[PDB]
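Given as structure tokens, the chain that follows is alone and in the form deposited in one PDB entry.
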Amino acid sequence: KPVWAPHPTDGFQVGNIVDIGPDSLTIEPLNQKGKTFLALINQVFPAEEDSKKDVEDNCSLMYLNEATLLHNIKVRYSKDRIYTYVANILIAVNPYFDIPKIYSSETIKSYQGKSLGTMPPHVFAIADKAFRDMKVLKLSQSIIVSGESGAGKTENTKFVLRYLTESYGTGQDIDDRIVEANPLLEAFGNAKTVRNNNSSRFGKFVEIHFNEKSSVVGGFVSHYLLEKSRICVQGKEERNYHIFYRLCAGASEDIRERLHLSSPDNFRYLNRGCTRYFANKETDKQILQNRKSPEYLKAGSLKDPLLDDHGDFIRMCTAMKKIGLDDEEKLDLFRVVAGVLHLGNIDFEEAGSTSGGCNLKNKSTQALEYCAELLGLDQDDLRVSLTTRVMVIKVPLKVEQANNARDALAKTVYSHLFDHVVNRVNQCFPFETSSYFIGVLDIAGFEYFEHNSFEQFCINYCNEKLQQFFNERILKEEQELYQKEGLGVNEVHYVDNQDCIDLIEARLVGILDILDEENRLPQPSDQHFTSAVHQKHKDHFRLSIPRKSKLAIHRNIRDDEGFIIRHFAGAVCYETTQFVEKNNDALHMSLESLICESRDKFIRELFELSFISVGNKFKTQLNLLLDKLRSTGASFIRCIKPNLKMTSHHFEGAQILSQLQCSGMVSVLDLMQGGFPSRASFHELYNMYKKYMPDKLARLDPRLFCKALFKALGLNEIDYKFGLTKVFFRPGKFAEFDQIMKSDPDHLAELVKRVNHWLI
């Protein structure tokens, strides 16, 4: 009798149905006899009889639906239980505080070799299940950690890597080198955004490699789309990459003087964003007064439970030394960071024309001197390369063009530094050969804002391709297997997004190749690119002009000023201004030659028609990643952001429900509950027990020995289902399935004995 009905902020609320209408139900809310509200019949759900209980696996609920799912994970969250299963899929709700001892070395040990369901839900169990599948099925594994910005993807990725390296690594300098290399990646690739204080501005796939003995030999980090625009400008509530602030706050006085550093407000590439440090009462005392910006002295430090610019610098330097980076290497990295900062301080003024173009302002001499010294460049060569350009003819630049050459040089130098850092990290844990790998995927999900540019376009392209993988693995392949085995499982359908992917990535006519065409034209134009997209995709369902938008804020955007992509996760209107500029990874040959001919060996090694497609380079990386994903066994962790305020114990029902809906988790609740996540063929099960079986058992058809074995083990006909060639085990039966699958000879003998006792 009480049901779940919609609630604007809680998602659902308890009530009683008092009336019915076509398409509607009248709901009386709990302890409010008289008051009523209407709801569409498909928005009203049965509730669990016991409202105080919680289940570890959502598949155990009497009624599995979006409302019961939300309530179950709510109750668990209020008891600081952030992990809950949906069969072998994990849901992780960001606690926004450190829950005591749930990631301890003791907690790690307790999860080792334990079947799913034998221990409470946890990321450690997902990591252990991937290890056991790799070890047993002799197949590489993938762990996909999904969710919105601030959901907890990066944190759960670290928990997976720590679990695997601590458990299946002997305990060696080599073994720790995968975990210890992380503060280095975050310093150069993470930054403070409005949604996350430690936002990842690059995607990653971290592979832990194993030998034949299922022991860690080493690892490999693949990185994607480092956000270039952040290098030069940030919003007032955002910062540039952590490294700049860690170096400004933590460097020794000798380092600060050698790099000519000062408080962040002195650098153009930092002073448009927030120049405040992450610090507490203690660490603020360790930061010298000369490193503190006026804003930091007025507003105080930024607050975060773990981020600390001074502490993170010391930790970073300690990690660098432990993984094998010497001081020379460390100082070379800092020199480039400082060089990039001084570069941003170079200002230009119009020349008297007469002679056209621009000059460096006399106030920029000191910045020019510092930048050229740190980048090992000749001062006049840098001065010339920032105010002129070559195109056959050398021509002067206007102020605006000079500001752009300076910003292009900074973005390219920094991006090349990040690539060096990722390669250097890979060089700490290399391996001659491996049998298998366990790969963890940590990358930004589908996103949109008021104004959508190339960055959003690239990320949303990635998630259109990943979505196809998710649909194919969880829905298409799973339901196909049930069909081929004649299990009669109720069919769950999905919209195929191959055409959406085609729109973007089709050869010649794909958006990426149309964009490439534009970059190779004599007069490249964003308007011309956008027109060529609309002209080449007239009848297309997925492609629309901005004037067809539902939102009024887009109706004034011209046909040649944008496009609407009807993505699987919802329509996104893109403003196409600067798509041509952002699509070029190549530095102009005049700037390229200048930096390649540096006096510094380190700088030259960063760089060891100027056009390199950002979109097509990314498509090639994405396809390689997708080939690895498709060739491996896949495990999924869906991270949930509980609120928009980074607060603990603030479960926002409506916001959480929207993520459960949008992620597609709801659409698969009935598939997953009425599914069979564990399976084995009757022949392989029979062949494994064959040498232990007596004639009475051996004479039987494989199907019949399996039947006898399951019955002797106290399994009911509900817990499993026999197909044509395979036996299938329901969710919540992983422990029993692993007991049936255990190949240990003493174990095989022991079970044959149980069968013999059951037959008598």
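Here the rigid core means the biggest group of C-alpha atoms that line up within 1.5 Å when the two forms are laid on top of each other. All residue numbers refer to positions in the sequence shown, first residue = 1.
From this point on, the text means the form deposited in another entry, which you will not see here.
Q: Can you tell me which of these residues, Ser678, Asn266, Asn426, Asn197, is the one whose C-alpha shifts by at least 2 angstroms between this form and the one not shown after a rigid core fit?
A: By this measure, the answer is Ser678.
Q: On a core-based superposition, does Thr725 travel 2 Å or more at its Cα between this form and the one not shown?
A: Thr725 C-alpha, core-superposed: shift of 2 Å or more.
Q: Taking the rigid core as the superposition reference, indicate whether the CA of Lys101 shifts 2 angstroms or more between this form and the one not shown.
A: Where the cores coincide, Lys101 shows only a C-alpha shift between this form and the one not shown that is less than 2 Å.
Q: 2 Å or more on the CA of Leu487 between this form and the one not shown, with the rigid core superposed, yes or no?
A: After core superposition, the displacement of the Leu487 C-alpha between this form and the one not shown reaches the 2 Å mark, so yes.
Q: I want to verify one pair: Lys53 and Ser678. Are their C-alpha atoms nearer or more distant in the other form compared with the form I supplied, knowing the change is 3 Å or more?
A: Closer together, which means the C-alphas of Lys53 and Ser678 are at least 3 Å nearer in the other form.
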